[PDB]
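**Q** Provided below: structure.cif, containing mmCIF, C-alpha atoms.
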```cif
data_my_file
#
loop_
_atom_site.group_PDB
_atom_site.id
_atom_site.type_symbol
_atom_site.label_atom_id
_atom_site.label_comp_id
_atom_site.auth_asym_id
_atom_site.auth_seq_id
_atom_site.Cartn_x
_atom_site.Cartn_y
_atom_site.Cartn_z
ATOM 1 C CA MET A 1 0.000 0.000 0.000
ATOM 2 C CA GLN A 2 0.812 3.714 -0.234
ATOM 3 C CA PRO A 3 3.151 5.476 2.143
ATOM 4 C CA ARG A 4 1.311 7.176 4.999
ATOM 5 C CA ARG A 5 1.772 9.580 7.866
ATOM 6 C CA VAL A 6 1.532 8.520 11.514
ATOM 7 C CA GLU A 7 1.707 11.010 14.406
ATOM 8 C CA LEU A 8 2.464 9.314 17.727
ATOM 9 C CA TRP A 9 1.792 11.405 20.788
ATOM 10 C CA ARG A 10 4.162 10.572 23.636
ATOM 11 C CA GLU A 11 2.875 9.841 27.077
ATOM 12 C CA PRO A 12 4.939 10.700 30.112
ATOM 13 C CA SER A 13 6.813 7.799 31.627
ATOM 14 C CA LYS A 14 5.639 5.373 28.934
ATOM 15 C CA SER A 15 7.543 4.001 25.976
ATOM 16 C CA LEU A 16 6.054 4.618 22.518
ATOM 17 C CA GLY A 17 5.057 0.958 22.381
ATOM 18 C CA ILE A 18 7.040 -0.189 19.321
ATOM 19 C CA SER A 19 10.003 -2.446 18.716
ATOM 20 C CA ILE A 20 12.025 -2.015 15.528
ATOM 21 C CA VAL A 21 14.241 -4.359 13.540
ATOM 22 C CA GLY A 22 16.470 -3.951 10.523
ATOM 23 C CA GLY A 23 18.829 -1.331 9.137
ATOM 24 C CA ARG A 24 21.885 -0.831 6.890
ATOM 25 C CA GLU A 25 22.021 -7.622 4.905
ATOM 26 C CA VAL A 26 19.011 -9.880 5.569
ATOM 27 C CA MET A 27 16.895 -6.829 6.426
ATOM 28 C CA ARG A 28 18.255 -3.594 5.072
ATOM 29 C CA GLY A 29 15.099 -1.584 5.683
ATOM 30 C CA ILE A 30 13.809 -0.503 9.102
ATOM 31 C CA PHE A 31 10.598 -2.247 10.117
ATOM 32 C CA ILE A 32 8.155 -2.441 13.005
ATOM 33 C CA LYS A 33 8.490 -5.783 14.838
ATOM 34 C CA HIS A 34 5.869 -5.365 17.584
ATOM 35 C CA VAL A 35 3.302 -2.783 18.700
ATOM 36 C CA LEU A 36 2.095 -2.867 22.301
ATOM 37 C CA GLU A 37 -1.724 -2.632 22.340
ATOM 38 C CA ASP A 38 -1.923 -0.553 25.514
ATOM 39 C CA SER A 39 0.551 2.157 24.458
ATOM 40 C CA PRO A 40 0.748 5.315 22.387
ATOM 41 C CA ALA A 41 1.416 3.335 19.229
ATOM 42 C CA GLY A 42 -1.377 0.903 20.049
ATOM 43 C CA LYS A 43 -3.810 3.705 20.845
ATOM 44 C CA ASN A 44 -2.953 5.389 17.539
ATOM 45 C CA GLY A 45 -3.905 2.117 15.885
ATOM 46 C CA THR A 46 -2.436 2.802 12.437
ATOM 47 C CA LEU A 47 1.146 1.517 12.984
ATOM 48 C CA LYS A 48 1.456 -2.187 12.373
ATOM 49 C CA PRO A 49 4.033 -4.997 12.549
ATOM 50 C CA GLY A 50 5.615 -5.305 9.132
ATOM 51 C CA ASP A 51 5.403 -1.546 8.430
ATOM 52 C CA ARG A 52 8.562 -0.152 6.912
ATOM 53 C CA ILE A 53 9.701 3.096 8.538
ATOM 54 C CA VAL A 54 10.735 5.407 5.647
ATOM 55 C CA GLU A 55 10.959 8.744 7.530
ATOM 56 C CA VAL A 56 10.944 9.906 11.135
ATOM 57 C CA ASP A 57 10.384 13.539 12.026
ATOM 58 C CA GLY A 58 11.474 14.712 8.607
ATOM 59 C CA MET A 59 14.631 12.614 8.412
ATOM 60 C CA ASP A 60 14.954 10.193 5.509
ATOM 61 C CA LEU A 61 15.546 6.645 6.861
ATOM 62 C CA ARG A 62 15.478 4.838 3.496
ATOM 63 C CA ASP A 63 19.177 3.871 3.659
ATOM 64 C CA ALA A 64 19.596 4.278 7.439
ATOM 65 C CA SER A 65 21.333 2.117 10.039
ATOM 66 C CA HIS A 66 19.432 0.600 12.959
ATOM 67 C CA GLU A 67 21.275 3.161 15.152
ATOM 68 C CA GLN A 68 20.279 6.146 13.027
ATOM 69 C CA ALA A 69 16.645 5.091 13.203
ATOM 70 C CA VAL A 70 16.718 4.537 16.960
ATOM 71 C CA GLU A 71 18.428 7.873 17.393
ATOM 72 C CA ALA A 72 15.923 9.694 15.088
ATOM 73 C CA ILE A 73 12.992 8.362 17.056
ATOM 74 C CA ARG A 74 14.502 9.008 20.498
ATOM 75 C CA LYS A 75 15.505 12.594 19.556
ATOM 76 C CA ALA A 76 12.117 13.391 17.958
ATOM 77 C CA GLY A 77 9.841 15.782 19.848
ATOM 78 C CA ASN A 78 6.090 15.378 20.355
ATOM 79 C CA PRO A 79 4.302 14.152 18.302
ATOM 80 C CA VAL A 80 6.719 11.687 16.725
ATOM 81 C CA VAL A 81 5.915 11.787 13.037
ATOM 82 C CA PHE A 82 6.593 8.703 10.947
ATOM 83 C CA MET A 83 6.139 7.965 7.320
ATOM 84 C CA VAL A 84 5.471 4.256 6.949
ATOM 85 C CA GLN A 85 4.729 1.792 4.186
ATOM 86 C CA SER A 86 3.251 -1.664 4.493
ATOM 87 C CA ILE A 87 4.982 -4.589 2.821
ATOM 88 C CA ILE A 88 3.195 -7.555 1.254
ATOM 89 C CA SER A 89 2.718 -10.511 3.553
ATOM 90 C CA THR A 90 1.213 -13.982 3.317
ATOM 91 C CA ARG A 91 -0.958 -15.672 5.969
ATOM 92 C CA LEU A 92 -0.297 -19.394 6.530
ATOM 93 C CA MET B 1 20.410 -15.591 19.465
ATOM 94 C CA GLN B 2 21.223 -19.081 18.174
ATOM 95 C CA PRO B 3 19.255 -20.792 15.450
ATOM 96 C CA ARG B 4 16.583 -23.114 16.827
ATOM 97 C CA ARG B 5 14.124 -25.794 15.833
ATOM 98 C CA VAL B 6 10.353 -25.287 15.947
ATOM 99 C CA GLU B 7 7.867 -28.095 15.224
ATOM 100 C CA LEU B 8 4.380 -26.776 14.464
ATOM 101 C CA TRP B 9 1.624 -29.340 14.618
ATOM 102 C CA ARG B 10 -1.185 -28.567 12.182
ATOM 103 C CA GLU B 11 -4.759 -28.507 13.301
ATOM 104 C CA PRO B 12 -7.523 -29.462 10.923
ATOM 105 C CA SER B 13 -9.341 -26.553 9.356
ATOM 106 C CA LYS B 14 -7.096 -23.980 11.043
ATOM 107 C CA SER B 15 -4.271 -21.956 9.566
ATOM 108 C CA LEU B 16 -0.845 -22.306 11.206
ATOM 109 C CA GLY B 17 -1.293 -18.844 12.700
ATOM 110 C CA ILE B 18 1.669 -17.015 11.121
ATOM 111 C CA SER B 19 2.096 -14.291 8.546
ATOM 112 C CA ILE B 20 5.416 -13.985 6.722
ATOM 113 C CA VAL B 21 7.157 -11.096 4.998
ATOM 114 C CA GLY B 22 10.315 -10.761 2.962
ATOM 115 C CA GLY B 23 12.191 -12.797 0.375
ATOM 116 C CA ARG B 24 14.647 -12.537 -2.547
ATOM 117 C CA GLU B 25 15.628 -5.592 -1.611
ATOM 118 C CA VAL B 26 14.484 -3.907 1.621
ATOM 119 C CA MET B 27 13.968 -7.321 3.234
ATOM 120 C CA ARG B 28 15.848 -10.108 1.548
ATOM 121 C CA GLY B 29 15.368 -12.620 4.348
ATOM 122 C CA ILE B 30 12.079 -14.332 5.224
ATOM 123 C CA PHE B 31 10.652 -13.228 8.560
ATOM 124 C CA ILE B 32 7.640 -13.787 10.789
ATOM 125 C CA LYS B 33 5.362 -10.713 10.779
ATOM 126 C CA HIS B 34 2.570 -11.877 13.110
ATOM 127 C CA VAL B 35 1.706 -14.932 15.213
ATOM 128 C CA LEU B 36 -1.927 -15.516 16.153
ATOM 129 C CA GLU B 37 -2.135 -16.306 19.891
ATOM 130 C CA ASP B 38 -4.979 -18.805 19.572
ATOM 131 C CA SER B 39 -3.411 -20.957 16.836
ATOM 132 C CA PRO B 40 -0.896 -23.741 16.363
ATOM 133 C CA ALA B 41 1.972 -21.274 16.204
ATOM 134 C CA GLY B 42 0.660 -19.407 19.234
ATOM 135 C CA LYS B 43 0.151 -22.615 21.198
ATOM 136 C CA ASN B 44 3.707 -23.691 20.364
ATOM 137 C CA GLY B 45 4.815 -20.397 21.872
ATOM 138 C CA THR B 46 8.400 -20.385 20.580
ATOM 139 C CA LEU B 47 7.864 -18.680 17.176
ATOM 140 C CA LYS B 48 7.945 -14.922 17.419
ATOM 141 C CA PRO B 49 7.501 -11.819 15.243
ATOM 142 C CA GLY B 50 10.916 -10.821 13.972
ATOM 143 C CA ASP B 51 12.144 -14.440 13.721
ATOM 144 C CA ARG B 52 14.014 -15.141 10.521
ATOM 145 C CA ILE B 53 12.940 -18.380 8.834
ATOM 146 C CA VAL B 54 16.187 -20.100 7.710
ATOM 147 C CA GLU B 55 14.823 -23.594 6.895
ATOM 148 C CA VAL B 56 11.429 -25.227 6.488
ATOM 149 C CA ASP B 57 11.048 -28.989 6.481
ATOM 150 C CA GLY B 58 14.653 -29.515 5.495
ATOM 151 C CA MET B 59 14.709 -26.974 2.676
ATOM 152 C CA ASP B 60 17.243 -24.159 2.899
ATOM 153 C CA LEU B 61 15.423 -20.780 2.698
ATOM 154 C CA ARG B 62 18.481 -18.560 3.258
ATOM 155 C CA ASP B 63 18.377 -17.098 -0.276
ATOM 156 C CA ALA B 64 14.724 -17.951 -1.023
ATOM 157 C CA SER B 65 11.934 -15.936 -2.634
ATOM 158 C CA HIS B 66 8.728 -15.123 -0.764
ATOM 159 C CA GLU B 67 7.031 -17.664 -3.094
ATOM 160 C CA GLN B 68 9.511 -20.444 -2.361
ATOM 161 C CA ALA B 69 8.990 -19.961 1.360
ATOM 162 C CA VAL B 70 5.202 -19.920 1.089
ATOM 163 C CA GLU B 71 5.350 -23.000 -1.087
ATOM 164 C CA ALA B 72 7.758 -24.835 1.309
ATOM 165 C CA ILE B 73 5.465 -24.223 4.241
ATOM 166 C CA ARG B 74 2.238 -25.105 2.410
ATOM 167 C CA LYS B 75 3.743 -28.345 0.999
ATOM 168 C CA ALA B 76 5.257 -29.400 4.355
ATOM 169 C CA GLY B 77 3.616 -32.332 6.139
ATOM 170 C CA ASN B 78 2.858 -32.550 9.863
ATOM 171 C CA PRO B 79 4.613 -31.328 11.947
ATOM 172 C CA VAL B 80 5.941 -28.347 10.010
ATOM 173 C CA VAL B 81 9.556 -28.060 11.061
ATOM 174 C CA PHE B 82 11.209 -24.654 10.964
ATOM 175 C CA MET B 83 14.661 -23.503 11.779
ATOM 176 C CA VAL B 84 14.453 -19.914 12.972
ATOM 177 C CA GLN B 85 16.786 -17.231 14.242
ATOM 178 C CA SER B 86 15.903 -14.100 16.151
ATOM 179 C CA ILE B 87 17.221 -10.755 14.962
ATOM 180 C CA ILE B 88 18.244 -7.894 17.246
ATOM 181 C CA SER B 89 15.517 -5.380 17.952
ATOM 182 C CA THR B 90 15.166 -2.165 19.929
ATOM 183 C CA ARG B 91 12.185 -1.185 22.109
ATOM 184 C CA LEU B 92 11.126 2.481 21.922
#
```
Could you rewrite the structure in this file as structure tokens?
**A**
Amino acid sequence: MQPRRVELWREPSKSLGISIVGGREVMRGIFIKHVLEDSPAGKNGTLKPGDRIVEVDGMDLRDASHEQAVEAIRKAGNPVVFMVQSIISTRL
Amino acid sequence: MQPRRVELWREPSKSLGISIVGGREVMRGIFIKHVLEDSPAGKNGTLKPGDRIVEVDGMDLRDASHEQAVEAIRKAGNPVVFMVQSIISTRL
């Protein structure tokens, strides 16, 4: 599907509620591993496992390292603005 | 972590309870996207989102296409035997 914008509003003393994997190579891109249901990301509802993170707070992450992505997200203000894109998957 | 063996026992009229992403390139490797809690994969308990699928029922999937992996899993007997390896992730 098409790339889309996600604005995560931080909550004090809570993590955003995502885990990320990947980065600059079995998984070059940066992707969402998990989303905690009872969390900012869960409450948002539009960020999903398997979503590729293409930008965070204006910074291009399309050829980024795991560290650059982690850093971009941690140093983002509020809201944390992602551009994400879903990847094709198969249910078995 | 180390590669490990997972034996999924199929249940009649139920899907295995996994979704997979990736394949032969933002995600070259084959990885578990989702595991349904109330399913064979969920009941097993040892297969997790973010796990790289390296073999299925004896077939090497280390340079496999999405289609080859889907096919390997669908054509597997019972139990469906995976070799998987976790990838590093970061919680935010």
**Q** Residues of chain B were defined as contacting chain A if any atom lay at most 6 Å from it, counting only C-alpha atoms; please report them as a ChimeraX atom specification.
**A** /B:15-16,18-21,26-29,33,50,89-92
**Q** Keeping only C-alpha atoms, write those residues as a PDB file, in the coordinates of the input.
**A**
```pdb
ATOM      1  CA  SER B  15      -4.271 -21.956   9.566  1.00  0.00           C
ATOM      2  CA  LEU B  16      -0.845 -22.306  11.206  1.00  0.00           C
ATOM      3  CA  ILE B  18       1.669 -17.015  11.121  1.00  0.00           C
ATOM      4  CA  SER B  19       2.096 -14.291   8.546  1.00  0.00           C
ATOM      5  CA  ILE B  20       5.416 -13.985   6.722  1.00  0.00           C
ATOM      6  CA  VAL B  21       7.157 -11.096   4.998  1.00  0.00           C
ATOM      7  CA  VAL B  26      14.484  -3.907   1.621  1.00  0.00           C
ATOM      8  CA  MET B  27      13.968  -7.321   3.234  1.00  0.00           C
ATOM      9  CA  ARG B  28      15.848 -10.108   1.548  1.00  0.00           C
ATOM     10  CA  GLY B  29      15.368 -12.620   4.348  1.00  0.00           C
ATOM     11  CA  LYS B  33       5.362 -10.713  10.779  1.00  0.00           C
ATOM     12  CA  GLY B  50      10.916 -10.821  13.972  1.00  0.00           C
ATOM     13  CA  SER B  89      15.517  -5.380  17.952  1.00  0.00           C
ATOM     14  CA  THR B  90      15.166  -2.165  19.929  1.00  0.00           C
ATOM     15  CA  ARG B  91      12.185  -1.185  22.109  1.00  0.00           C
ATOM     16  CA  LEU B  92      11.126   2.481  21.922  1.00  0.00           C
TER      17      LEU B  92
END
```
**Q** In Å, how far is it from atom CA of residue B:61 to atom CA of residue A:54?
**A**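 Computing it gives 26.8 Å between the two atoms.
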**Q** Which of these, B:71, B:65, B:36, B:44, has the shortest distance to residue B:8 once you count all atoms listed in the file?
**A**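 Closest residue, counting all atoms listed in the file: B:44.
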**Q** Could you give me, as JSON, numbers by chain, the residues within 8 Å of residue A:59, counting only C-alpha atoms and dropping anything in the same chain fewer than 3 positions from it?
**A** {"A": [55, 56, 72]}
**Q** Measure the distance from atom CA of residue A:84 to atom CA of residue A:47 in Å and round it to one decimal.
**A**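 Here the two named atoms are 7.9 Å from each other.
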**Q** Do a neighbour search on residue B:3 at 8 Å with only C-alpha atoms, toss out local chain neighbours closer than 3 positions, and write the hits as a ChimeraX atom specification.
**A** /B:83-86
**Q** Write out the residues from the selection above, keeping C-alpha atoms, as a PDB file, in the frame of the given file.
**A**
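Result file is result_36.pdb:
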```
ATOM      1  CA  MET B  83      14.661 -23.503  11.779  1.00  0.00           C
ATOM      2  CA  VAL B  84      14.453 -19.914  12.972  1.00  0.00           C
ATOM      3  CA  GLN B  85      16.786 -17.231  14.242  1.00  0.00           C
ATOM      4  CA  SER B  86      15.903 -14.100  16.151  1.00  0.00           C
TER       5      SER B  86
END
```
**Q** When the PyMOL selection byres ((chain A and resi 9) around 8) is applied to the file above, which residues end up in the set, as a count of residues only?
**A** 8
**Q** Could you state the separation of atom CA of residue A:5 and atom CA of residue A:46 in Å, given to one decimal place?
**A**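 Distance between the two atoms: 9.2 Å.
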**Q** Select, from B:41, B:6, B:69, B:64, the residue with the minimum atom-to-atom distance to residue B:82, counting only C-alpha atoms.
**A**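 Going through B:41, B:6, B:69, B:64 one by one, the smallest distance to residue B:82 is for B:6.
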**Q** Taking the block just given, write stretch 33-58 of chain A to a file that holds N, CA and C atoms, as a short mmCIF file (atom, residue, chain, number, x, y, z; two decimals), in the first residue's frame.
**A**
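Done, and the output landed in part-v4.cif:
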```
data_model
loop_
_atom_site.label_atom_id
_atom_site.label_comp_id
_atom_site.auth_asym_id
_atom_site.auth_seq_id
_atom_site.Cartn_x
_atom_site.Cartn_y
_atom_site.Cartn_z
N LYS A 33 8.57 -4.38 14.36
CA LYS A 33 8.49 -5.78 14.84
C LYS A 33 7.20 -6.02 15.59
N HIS A 34 6.97 -5.21 16.62
CA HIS A 34 5.87 -5.36 17.58
C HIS A 34 5.26 -3.99 17.84
N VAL A 35 3.97 -3.95 18.16
CA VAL A 35 3.30 -2.78 18.70
C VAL A 35 2.56 -3.23 19.93
N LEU A 36 2.83 -2.59 21.05
CA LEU A 36 2.10 -2.87 22.30
C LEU A 36 0.68 -2.27 22.25
N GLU A 37 -0.34 -3.11 22.40
CA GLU A 37 -1.72 -2.63 22.34
C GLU A 37 -2.04 -1.48 23.27
N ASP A 38 -1.64 -1.59 24.53
CA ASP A 38 -1.92 -0.55 25.51
C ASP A 38 -0.68 0.33 25.55
N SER A 39 -0.60 1.25 24.60
CA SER A 39 0.55 2.16 24.46
C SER A 39 0.17 3.25 23.50
N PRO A 40 0.99 4.30 23.42
CA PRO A 40 0.75 5.32 22.39
C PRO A 40 0.61 4.81 20.93
N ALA A 41 1.45 3.85 20.56
CA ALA A 41 1.42 3.34 19.23
C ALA A 41 0.18 2.49 19.06
N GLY A 42 -0.16 1.71 20.08
CA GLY A 42 -1.38 0.90 20.05
C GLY A 42 -2.62 1.75 19.97
N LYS A 43 -2.67 2.77 20.81
CA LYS A 43 -3.81 3.71 20.85
C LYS A 43 -4.02 4.44 19.52
N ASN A 44 -2.92 4.83 18.88
CA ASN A 44 -2.95 5.39 17.54
C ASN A 44 -3.68 4.41 16.61
N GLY A 45 -3.23 3.17 16.62
CA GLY A 45 -3.91 2.12 15.89
C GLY A 45 -3.50 1.96 14.43
N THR A 46 -2.69 2.88 13.87
CA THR A 46 -2.44 2.80 12.44
C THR A 46 -1.03 2.31 12.11
N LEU A 47 -0.22 2.04 13.13
CA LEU A 47 1.15 1.52 12.98
C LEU A 47 1.15 0.04 13.24
N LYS A 48 1.68 -0.75 12.30
CA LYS A 48 1.46 -2.19 12.37
C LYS A 48 2.78 -2.94 12.23
N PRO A 49 2.88 -4.13 12.84
CA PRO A 49 4.03 -5.00 12.55
C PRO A 49 4.14 -5.13 11.05
N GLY A 50 5.36 -5.16 10.55
CA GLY A 50 5.61 -5.31 9.13
C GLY A 50 5.66 -3.99 8.37
N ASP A 51 5.33 -2.88 9.05
CA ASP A 51 5.40 -1.55 8.43
C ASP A 51 6.87 -1.16 8.33
N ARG A 52 7.26 -0.71 7.14
CA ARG A 52 8.56 -0.15 6.91
C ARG A 52 8.58 1.31 7.32
N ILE A 53 9.54 1.69 8.15
CA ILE A 53 9.70 3.10 8.54
C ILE A 53 10.60 3.79 7.51
N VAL A 54 10.02 4.74 6.74
CA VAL A 54 10.73 5.41 5.65
C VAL A 54 11.22 6.82 6.06
N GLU A 55 10.51 7.46 6.98
CA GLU A 55 10.96 8.74 7.53
C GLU A 55 10.55 8.86 8.98
N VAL A 56 11.34 9.60 9.76
CA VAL A 56 10.94 9.91 11.14
C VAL A 56 11.28 11.33 11.39
N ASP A 57 10.25 12.13 11.69
CA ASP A 57 10.38 13.54 12.03
C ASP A 57 11.19 14.29 10.99
N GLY A 58 10.89 14.00 9.73
CA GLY A 58 11.47 14.71 8.61
C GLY A 58 12.77 14.14 8.07
#
```
